[PDB]
Each structure stands twice: as structure tokens, then as C-alpha cells.
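**Q** Encoded as C-alpha cells, here's the structure I'll be asking about.
Ideal geometry is used to build each Cβ from the backbone, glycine not excepted, and the neighbour counts take in all protein chains shown. What follows is calculated from the coordinates using simple rules that are stated; it is not laboratory data.
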Amino acid sequence: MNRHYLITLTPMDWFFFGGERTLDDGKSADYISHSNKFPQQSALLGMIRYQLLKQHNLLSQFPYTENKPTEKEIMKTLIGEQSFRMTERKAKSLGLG
RNA sequence: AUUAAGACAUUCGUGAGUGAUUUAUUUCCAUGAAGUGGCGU
């Protein structure tokens, strides 16, 4: 059985959502960045995954530390393998734990 | 872990240079140093 939550986001300051043109791309005019009005749903997914491991205290802190083969499947059962990969759009399941 | 992260609109810069408070203007106009004699027909 599943548990459902309503998550409300209140901005504490000015925000910005990146578009196709970002301040440090290799293209020509890489000094003007414009903000999309909404975040991508992948950003929402990354938000939830980050907070989920924050509550469970499982992060990468500094060097590129590797994780022992218990944090590995705890992150499997927590968030899964990948980010929102649009390649697997025809998959009849969320690829996230 | 999310088209992310990182970045003082900052460095240099005298409100400064040129410029008489000067020009024009009579301390002047009016005006008597003057008036009277007095005493014994």
C-alpha cells in the first residue's frame, strides 16, 4: 500500500530555472541567462531524491568517495539507479525506488 | 543531485581649468563777519 503527500514550495528569495542557454556554454553569447517560469519535473525528482537521502544521511562529501556494498542497495531501494532518463520513456514503471 | 556549481558592476579618475566686485558718480548746493553808536541845546 502507498502513502501520498502534498508538497508545497514557497520561494524564500529570487529563483532561476535554466533554459537551453546557460552562462558558461560553449556557444557565442554566454553571458545572458533567462529563467524559465517553471522547473522541469526532473528537477522535482532530483529534489525529492536529494531530500530523501538527506533524511537518511547518504551523500557524497568531497573527494569522490566510493560507497560500500550496503549504501549501494540502500540507495537502490531509496532512489534507484538513474535520474529522469528520457530514453526509457516507454517503461511501464517509475525507474525510481 | 535537479539544462547544475563557481563570480562584490568592479579598477583607474581632484568639480577642476580660465575670471580684480569692477564700471559711472565733484561732499556739493543756499548763505554779507555783519549791526548799532551813546553821553552835557
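**Q** Do any residues in the range A:72-97 that are touching a residue at least 24 places away in the same chain (Cβ under 8 Å) and surrounded by 10 or more Cβ atoms within 10 Å (Cβ to Cβ) have Cβ atoms under 9 Å from those of residues that are β-branched (V, I, T) and not in a loop (DSSP other than H, G, I, E, B), where the two are at least six apart or on different chains, and which pairs are they?
**A** A:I79/A:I48; A:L96/A:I48
**Q** How many residues does the range A:1-56 contain that are in a loop (DSSP other than H, G, I, E, B), surrounded by 12 or more Cβ atoms within 10 Å (Cβ to Cβ) and without any contact (Cβ under 8 Å) to a residue 12 or more places away in the chain?
**A** The total comes to 1.
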